[PDB]
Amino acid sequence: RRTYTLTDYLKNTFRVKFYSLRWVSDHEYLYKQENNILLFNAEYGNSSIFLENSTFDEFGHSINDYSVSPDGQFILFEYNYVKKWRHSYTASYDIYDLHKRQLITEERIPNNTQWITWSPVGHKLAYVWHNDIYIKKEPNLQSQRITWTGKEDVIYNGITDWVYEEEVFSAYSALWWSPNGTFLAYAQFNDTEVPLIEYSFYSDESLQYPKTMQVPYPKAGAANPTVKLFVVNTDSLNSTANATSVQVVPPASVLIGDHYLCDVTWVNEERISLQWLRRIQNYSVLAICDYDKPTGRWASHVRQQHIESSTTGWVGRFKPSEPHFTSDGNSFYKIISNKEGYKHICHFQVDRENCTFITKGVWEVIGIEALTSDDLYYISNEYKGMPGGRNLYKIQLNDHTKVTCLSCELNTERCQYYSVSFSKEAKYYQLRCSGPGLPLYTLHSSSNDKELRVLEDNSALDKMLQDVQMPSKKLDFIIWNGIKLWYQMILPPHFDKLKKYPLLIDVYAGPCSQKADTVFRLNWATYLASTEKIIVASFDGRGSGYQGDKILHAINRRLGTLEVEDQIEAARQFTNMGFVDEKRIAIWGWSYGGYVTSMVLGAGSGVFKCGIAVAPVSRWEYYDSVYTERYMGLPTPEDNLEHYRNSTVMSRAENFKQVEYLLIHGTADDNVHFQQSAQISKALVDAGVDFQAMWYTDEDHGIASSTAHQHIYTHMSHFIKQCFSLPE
């Protein structure tokens, strides 16, 4: 096409190719080619077939995923996939033998399995079914029930509740095998007193009476689910008796009230690292627990406890960072805040409370990626002082002053945003470059840090984009009150600084979020800039992360304050830059982004003509506890109830009479409930304010169904094409 059209984005015309691999050893990996699982050798790139697609289609079902046992002798086949919430899902499983090249029909894995995983060595299987854990010593053998207390929507064994999957664990799993599979740690969640959100699901046209969903959801201040961590010995099992699980009690400083389990890290087969976080999330404790062979318990001693807190805000970015232990298990490295306030790597000892920092500067370490007996690999935003960039670094564990970047100068103009995937023992690492150019996947060797070959160069997309007028990206910063705040502009093709374009402020503005980056994207903003000639701009004001504790903790105990004002100030700054039409400035967002957009449209600053709020927040008393209370505390008069009430969207309803407002929300949203947008429209009606609205029947937080995804962006296109008076 001549320009990047909406059809080109809604339907996928210009596709980005990826190279996803699974490291199965220290020098080999698996890769799927035309539904053929292929085994590659990292050194010389020579490959061989691991499973043919003739095998894939002897079944009577569509295979969704696969999982090879860490012994190379069995393959787990996933099918009957059924989505539930963000990470959770239920599916069936069939175990496939590789030496016999057959399926196992003796003692199968039941339907509607919630979680399943292999032991880190061998072929042991532990899975969660009906909120209970079952362990299979051998695939052909019957499973042994580990827990017997599991109840639907009350007690979860091995799996998370809603708030643990969404906000603290970012996963549906709570199973942790030991490094050799002798012990199996798991968490038990009790949602008995947790209140229930009840919304409606209308389903297919055949359903006469709709359905009422019930999700144990702790809103702001509500009762939280209690958590216990049990460890069971898988090598002392007996099919004749019931299995015994031992509970590891948390440290006493966290048992004074409500708390959370935010991390579980195995050090060795008799030492396990647990990270507990209080309900008021500015005090965490990494508890190192050692097993006792005589009694069979796990001892959490205060002498091996390490306190990580924060006086200016919350611990970590979204939670305390996970530990990274050495081989001996008597020390670990983790990312905490320095005295200046920047996230850097500190060197802890198991029995000494203090830690030594190995990195420093006006930059942050994004994540520790590998730790060997001599080198530590970490990803940071240090290169060129750009917070929106990421590169791989290597630091010598004996001379910390010897740091070498491994991805900065490989292709400085094409790649400034890197991830990595190390092989076992960190012998080979795959570099995944996201932007600012077309994505580039390469494989390297850790010995000499030399690149071996290009895995994916996206050559097909480069030739497809030659005859299209693509929009450019301007990544720069401004200085507001002596503070560097970065922005990002997607400039239309043949951008002329003399002309005045309509501006669309893309906003999320959530805590630790980052909208200004060096990442390539073929999104809806690409269509608005290429075809309709609209400058799309994002701005990382106060509260944005990857820049230090000062900027991140500027919205502590006060959400809906500085991040809203900085979005208003950014539009003024973009206006007086020269190439923005002051009369046509809009702003749209999703979830927290829609919340800020509703707060901006309710400020009455006259800068914005229209705005679109998609599944927005309206009152922080309506959102879940773990997320809201982390930044705003408890909504009681003895804490921060007043800031909960000054930061409502309903309280600014009268100012919406100056703007054109589009409110969108899914009827089956489980994260930000339709009650949030229901109170918004109920306030604007009580104030005599007109607006446009659109509900989507039985849609979740992301309107991600194919029919609904195209409908929400075609509707928002017409709203912007009218608000900006553009030809239809």
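Each residue number is its position in the shown sequence, starting from 1.
Engineer: Select between 239-247 and 147-155 the stretch whose C-alpha atoms have the higher average B-factor in the entry.
Structural biologist: Stretch with the greater average CA B-factor: 239-247.
Engineer: Tell me which stretch, 274-282 or 344-352, has the higher mean Cα B-factor listed in the entry.
Structural biologist: According to the entry, 344-352 carries the higher average C-alpha B-factor.
Engineer: Between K583, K424, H130, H259, which one tops the list for Cα B-factor in this entry?
Structural biologist: That would be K583.
Engineer: Could you check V507, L601, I395, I116 and tell me which one carries the biggest Cα B-factor in the deposited entry?
Structural biologist: Of the options given, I395 has the highest CA B-factor in the PDB entry.
Engineer: Would you please rank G45 by its C-alpha temperature factor against the other modelled residues of its chain and give the third it falls in: lowest, middle or highest?
Structural biologist: Middle third of the chain for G45's C-alpha B-factor.
Engineer: Hey, what third does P195 fall into on Cα B-factor, ranked over its chain?
Structural biologist: It belongs to the lowest third of the chain when residues are ordered by C-alpha B-factor.
Engineer: With respect to C-alpha B-factor, does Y713 fall in the lowest, middle or highest third of the chain as deposited?
Structural biologist: For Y713, the deposited C-alpha B-factor lands in the lowest third.
Engineer: Of the three thirds of its chain by CA temperature factor, lowest, middle or highest, which one includes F230?
Structural biologist: Middle third of the chain for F230's C-alpha B-factor.
Engineer: Among the modelled residues of this chain, does the Cα B factor of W480 put it in the lowest, middle or highest third?
Structural biologist: Highest third of the chain for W480's C-alpha B-factor.
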